Each structure stands twice: as structure tokens, then as C-alpha cells.
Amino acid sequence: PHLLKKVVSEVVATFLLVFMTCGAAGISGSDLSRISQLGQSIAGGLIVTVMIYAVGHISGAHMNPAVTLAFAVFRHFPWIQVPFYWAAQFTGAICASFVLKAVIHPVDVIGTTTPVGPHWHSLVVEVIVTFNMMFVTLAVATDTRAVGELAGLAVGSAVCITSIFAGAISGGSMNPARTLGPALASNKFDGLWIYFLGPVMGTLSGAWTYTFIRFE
């Protein structure tokens, strides 16, 4: 039901998503005098917001398979469309990290999200922060799909918190599509089981938690 412009918007968003979000964390993860560490989180959070303004009213700016999933679980999102977005997201992302592999000549750690210390630390973090994000994503979404000025602020804000804090433990992802892309350009795949089960379990738990308390 009008899924072409939805998926072009979902790919073009996920590309500019990953291209920006890793390219500052990857560059920063190679010279912190070149791009600040708080600067790679702020950059990563701002970019989520502007894609909600760009494609939020068209596709919904899902950009996140564990979110497209969470919408299909809780607010009636077309199950016949979730494969098309999942596809659309993984594509724009994986494409980007390679596009940067070439634009950031010296550095070949393109924002790897790899667990720090005990691998489970990340999982508890990657569910609590993903829960957090999906929780607020759901309290602000308008069902065309995550639309509007404050939807951009809420989700971008949540995401930014994740880079600052969950970045010290998990690297801070919450998005199976965005760990995978970079993991391929730098061939480091340490702990990927957590960047699927943290999120999928984080979005569904947090989304479920919202529908619980839903009306006042």
C-alpha cells in the first residue's frame, strides 16, 4: 500500500543515518583530537532527529529492524511491509559503511560496536537503553509513522543518551542494522548475538511497557 516511496525514504534515511553516525565515531575512534568523543554522540543523535523530520511523515523513519518489528507487534504496522523495510534499512546502512571505507582513507575501524568486558553487560544495557528508546518512540509516534517535531526530539534525544552511556558498555547500538554495516567494513564481529537480542528484546519489552500504561 504505497510502499515504494516508503522504502526509498527508508533507504535514503538509513544511509545518511549510518554514513554520519559511524563516520564521526569511526574517525573519532581513531583520533579524538580530530573529532571529539562527546562530538561523536551529539552528531549521532542529531542525525536521528533530522531523519524523523525528513522521512518521518512518509515511511515513519523506522531505520531500525527491531523498531519496524516493534511497530508490527504493537501498533498494527503492515507485516507485509516489515520485510520491505528490514530490507530497506540493512541496505542503506551496509552501503554507507563501505562508502566511508573509501572516504576516510586511513582509518578502518568504522564505528565498531563491540562489547566491553563481560559480553552480557552489553545485553542488559542494550535492552534497558533500547527499551528506553522504544518506550519513548512509542509515546510520541503518530502512526504516519513516527511523525512530528517532538517525535524527532524525543527519539533523537534517547539515542543520544545511548551513545554517551551505553557506548561505554555496549558501544551503544540498539539497531541490528547499524551494527551489521560497520561490522562488515572492518570485519570485526565480536558479540553480534547481543546486537540482535538486546534490541529485539529491548524494543518489544519497552514497547509492551508503554501499551501497558497507555491511557492515563
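Heads up: residue numbers just count along the shown sequence, starting at 1.
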Going by the entry, of stretches 73-81 and 123-131 the one with greater average Cα B-factor is 73-81
When mean C-alpha B-factors in the record are compared for 51-59 and 148-156, the larger belongs to 51-59
Top Cα B-factor in this entry, restricted to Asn187, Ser36, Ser163, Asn64, sits on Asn187
Looking only at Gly167, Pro176, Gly45, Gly29, the Cα with the top B-factor belongs to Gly29
Binned into thirds over the chain's modelled residues, the C-alpha B-factor of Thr21 lands in the middle
By the entry's values, the third containing the CA B factor of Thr14 is the middle
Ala207: C-alpha B-factor third of its chain, per the entry, is the lowest
In terms of its chain's C-alpha B-factors, the third that includes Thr137 is the lowest
